[PDB]
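Subsequent text provides structure tokens for two forms of one protein chain, presented individually as structure 1 and structure 2.
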Structure 1
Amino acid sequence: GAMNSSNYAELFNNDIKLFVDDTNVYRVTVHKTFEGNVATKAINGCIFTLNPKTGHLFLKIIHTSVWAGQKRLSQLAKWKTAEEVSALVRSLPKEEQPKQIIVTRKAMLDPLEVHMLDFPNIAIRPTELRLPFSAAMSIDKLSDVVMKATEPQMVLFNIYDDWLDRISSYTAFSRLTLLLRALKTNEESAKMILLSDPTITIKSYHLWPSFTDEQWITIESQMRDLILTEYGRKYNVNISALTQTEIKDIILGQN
């Protein structure tokens, strides 16, 4: 069925599963035409397909050529997403195929179910969590590979870098969702927090900076503060009056 707060731990069990987010598949800029009308220009997008236990990210780059000459692009994008996730599953050895695919948006359910009819034993599920995977395009190295692509392309990343050598996947997913939520709420400030310190760098084969455990605790704190700060700026709330119980709920409530 649906995935929510009652079954958080199921994401980090040994049943292979993937999250599929389609929010960056069909991307456009809206602009005025010479005649004063409005038109869209597509730009490259990506499917965000993630194993939350391992960090493996199957990033299918959606080149703008896939939209050429097509109608009803927002509808097509859901089916294109489903087609590509299906092709990925079929490309994987049987013992690597997922037992469950969790879609972040319920509009993906029927497209993916239909494309996966050949896999009756793979469960297609929605989720009540509001996961911030849209902010993936705020990770500089992901945004770069998407915008530079001149053709359809699949790129593989581990979105946890080497974190799993030191922390569990429940903690790694918590860190990733906190980072993505912050980048989604205030991207400039989140990148400022992450990159303000020259002495901490991003390894060539990593997405995030090489923080020590203690620095990650500092970074995570600065991200919660950013989420709380924006929360107050948004609703005109004096954050100083807020209690720790109120804060957990505000930050936890965002996802």
Structure 2
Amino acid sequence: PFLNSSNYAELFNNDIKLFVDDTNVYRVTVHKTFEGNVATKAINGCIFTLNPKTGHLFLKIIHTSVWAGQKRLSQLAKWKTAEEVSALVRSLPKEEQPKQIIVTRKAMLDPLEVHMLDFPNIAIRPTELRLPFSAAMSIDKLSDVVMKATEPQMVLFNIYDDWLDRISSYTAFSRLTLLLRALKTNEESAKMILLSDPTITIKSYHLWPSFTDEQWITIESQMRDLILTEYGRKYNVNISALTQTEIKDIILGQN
């Protein structure tokens, strides 16, 4: 069955699950060539693999060298993604392997299915939620680590920093999706919100600023305002009349 806003709560039980997003695997940049002309040039990408309960993020960096001399790159990127995900699962002991892998794009369903045939007990699931994981490259530390890569490599992070010491996984997932949705809606303004009080810093081993509990409330309130203001302007609707569930649907990307 599909993961949707009606059953996503299962992402927080004890059955190990991993989200896999390939949106940032194949990337290009536009620059001016030595002749004064303009062209696209491949740049490093990444496979976003996240455990929503523990916050563990397996960031597989895709180096431009993999595109080198290859054809049908859109196909190669999808199979390359399934290749790396299964290699990761294969390296993990049975007790740490996921019961299910949820793909953010249905196009990844088949390639991954083929590659996971070595693990009969691992279910591959599609989702109706158009999650904001692509915004991952808007998180400076992740973008930089990806950018500096001079060769293939995997880097691990806890996308929830140390939040689980004080809030539940369900609450942490809500905070993360809200942040990523805002980054995706208006990156400039979202980063502005996050960086408006330099006294609140980002630990070397974290991705987000060390906001206190009271500050997170104000931050989440502003991030939500940013998103809903945009929504209201576009659809010409009264934001203050939206139900909590409708707001949640916008954040998670349901429909």
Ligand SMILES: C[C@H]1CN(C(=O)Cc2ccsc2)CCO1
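Start at 1 and count along the sequence of structure 1; that gives the residue numbers used here. Heads up, when I say rigid core I mean the largest set of C-alphas that superpose within 1.5 Å between the two forms. Only residues modelled in both forms are compared.
The first of the two structures is the form deposited with the ligand bound. Put simply, after the core is superposed between structures 1 and 2, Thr40 is the one residue in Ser221, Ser65, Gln70, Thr40 with a Cα shift of at least 2 angstroms. Shown in the overlay between structures 1 and 2, fitted on the rigid core, is a CA shift at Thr29 of 2 Å or greater.
A displacement of 2 angstroms or greater separates the C-alpha positions of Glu246 between structures 1 and 2, with the rigid core held in common.
With the core superposed, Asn14 shows a C-alpha displacement below 2 Å between structures 1 and 2. When the rigid core is fitted, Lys184 shows a C-alpha shift of 0.5 Å between structures 1 and 2. On core superposition, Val237 has its C-alpha offset by 6.0 angstrom between structures 1 and 2. Look at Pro198: with the core superposed, its C-alpha moves 1.4 Å between structures 1 and 2.
Displacement of the C-alpha atoms by 2 Å or more across three or more consecutive residues between structures 1 and 2, following core superposition, is confined to the runs 29-40, 229-255.
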